[PDB]
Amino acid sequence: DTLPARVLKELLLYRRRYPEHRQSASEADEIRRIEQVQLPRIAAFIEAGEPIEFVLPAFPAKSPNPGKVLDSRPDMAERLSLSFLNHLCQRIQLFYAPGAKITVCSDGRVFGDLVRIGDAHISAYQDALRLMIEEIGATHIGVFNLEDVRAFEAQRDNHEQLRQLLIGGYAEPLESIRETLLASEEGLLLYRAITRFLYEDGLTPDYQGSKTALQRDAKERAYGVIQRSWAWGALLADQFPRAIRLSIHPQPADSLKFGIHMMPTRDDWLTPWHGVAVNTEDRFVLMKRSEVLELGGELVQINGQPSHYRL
């Protein structure tokens, strides 16, 4: 039983695991070391009668590849994910009255030219995501962007200088990012996954260039993206030291970071800004747009805007 263990059991239902560990690695051993890390952290809030804080770096912007997403704006995939996160907080509040809060710590601004989404696109996605939070009626979901960093106030509307403030204060050199990735199984698994997102972002259906050159480009840029994500994470550890650290990547079981799913999906690395919501057998699942078209998915529109597919 135990209030802290009940919170954790609620999260464990939606945990992202490394696909490589699902077939034969022992999930019970993973759970044991998760309990050691997460339980006193959750228990800290409960002992103080305070609401449980979660931090989640996520929802940066849609993939720039028109072959992967329906449009540049948040859609049914974001909508159901944000609604899920809100209901997770409500379920916790059922047994723990002070409840829980999830702050979405958007990393859209942290990347810059590394993922190749312009700052105007990021700002539009940011604004549209907040608006989506309001219309689903989510009250336990907050947003924290790079420009909300109180210490960086003067540079709030100068995006490149914001990025340089994050880098200057919180980034490790690329040589050290690389050394860390090469130090563990999971570091290399991360590096491979981030390379794949970048490569697939560049594989536009209209792309007619070299695939090999695209892969080599992605491999180099993946170090930078990790550097920024880790810098952002480090910044947020000082902003919100006690918060339970959620992630949209699978995480080592000994890590402070806890990977969490937001919609049913086969791919543990897949997130709503890199895919599409799919209605199939009267349930919503998240899939890659190319995969659903191959299965002969039908486009659904709501109002005048592309929304999701159906099977």
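From 1 onward, residues are counted along the sequence shown.
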Select between 267-275 and 64-72 the stretch whose C-alpha atoms have the higher average B-factor in the entry. 64-72
Please work out which of 23-31 and 55-63 has the higher mean CA B-factor as recorded in the PDB entry. 23-31
Compare the CA B factors listed in the entry for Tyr191, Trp232, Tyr199, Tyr207 and report the winner. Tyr207
Just say lowest, middle or highest third for the CA B-factor of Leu146 relative to the other modelled residues in its chain. middle
Compared with the other modelled residues in the chain, in which third is the CA B-factor of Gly224? lowest
Please place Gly137 in the lowest, middle or highest third of its chain according to the CA B-factor in the PDB entry. lowest
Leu13's Cα B-factor: lowest, middle or highest third of the chain? middle
Select lowest, middle or highest to describe the third in which the CA B-factor of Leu39 falls within its chain in this entry. middle
